[PDB]
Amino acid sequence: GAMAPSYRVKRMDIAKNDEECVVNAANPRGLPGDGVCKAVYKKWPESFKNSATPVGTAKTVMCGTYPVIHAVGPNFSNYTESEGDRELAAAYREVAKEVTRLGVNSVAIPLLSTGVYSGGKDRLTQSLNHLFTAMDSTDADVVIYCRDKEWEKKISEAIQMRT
């Protein structure tokens, strides 16, 4: 575990993280994809061997000794709000299991289903709260990665408000 487990947010490419493992915002088929998924494919292409996994699940594949946790959030263009909410919460619970199993002291995480899987909606609060529900019981240092200055502010505000 981390000595004083924390949440932080950084506005940069998750492919350049300083953590002991990464969570990919994966598609169910293990394809190179778009956004976070494409950056992860470019940095850790070896981790996409047999990475295909259903919606609401996480599957870890090693790139050397560096763990890539492929977490499949729902595409809100295909799911109802209620079923999408359930699968988004489930993907994060599976991430918490994997981070625990791996025994890492830190993990780089993106906000699942906030990009091209968002169904054109702002899901910062929804996705972040499911992240907290899952990761709060873990003792890893969590570093959230985003690309927007205003999302960075909102995420930083939500972290600080609970401390």
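Residue positions are given as counts along the sequence shown, with the first one as 1.
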Query raised in the report: Higher mean Cα B-factor in the deposited model: 58 to 66 or 31 to 39?
Result: 31 to 39
Query raised in the report: Which wins on mean Cα temperature factor, 93 to 101 or 117 to 125?
Result: 117 to 125
Query raised in the report: If you rank every modelled residue in this chain by C-alpha B factor, which third holds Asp13: lowest, middle or highest?
Result: middle
Query - Third assignment of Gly84 from its chain's C-alpha B-factors - result: highest
Report task. Consider only the C-alpha atoms of the modelled residues in this chain, order them by B-factor as the entry records it, and name the third containing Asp139: lowest, middle or highest. Result -> middle
